[PDB]
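Structure record follows, encoded as structure tokens.
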Amino acid sequence: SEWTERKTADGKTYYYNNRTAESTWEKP
Numbered sequence: 002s003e004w005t006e007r008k009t010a011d012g013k014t015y016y017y018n019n020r021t022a023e024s025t026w027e028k029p
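Under the numbering used here, think of the first position of the sequence shown as 2, with each following residue one higher.
Take a look at the structure:
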């Protein structure tokens, strides 16, 4: 629940977490 999926209308969601300061695209 700590990973935020950022829903951009660009047609992509990405799990951005400051824990890695990175947007994760891989499936956890």
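Beta carbons are placed, not taken as given, at the ideal position from N, Cα and C, and that holds for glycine.
### Message
Taking the straight line between their C-alpha atoms, what separation do you get for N19 and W4?
### Response
Taking the sequence shown and counting its residues from 1, one reaches residue 19 at position 18. Taking the sequence shown and counting its residues from 1, one reaches residue 4 at position 3. Between the C-alpha atoms of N19 and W4 there is a straight-line separation of about 9 Å.
### For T21 and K8, the rounded distance between their alpha carbons
Within the sequence shown, residue 8 is the residue found at index 7, counting from 1. Within the sequence shown, residue 21 is the residue found at index 20, counting from 1. In this model, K8 and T21 are separated by some 19 Å (Cα to Cα).
### Query
In whole angstroms, what is the alpha-carbon distance linking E23 and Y16?
Translated into positions along the sequence shown, residue 23 becomes position 22. Translated into positions along the sequence shown, residue 16 becomes position 15. In this structure, the CA atom of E23 is about 8 Å from the CA atom of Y16.
### Query
In this structure, what does DSSP give as the bridge partners for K13?
Locating residue 13 in the sequence shown gives position 12, where the first residue counts as 1. Note: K13 is bridge-paired with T9 in the DSSP secondary-structure output.
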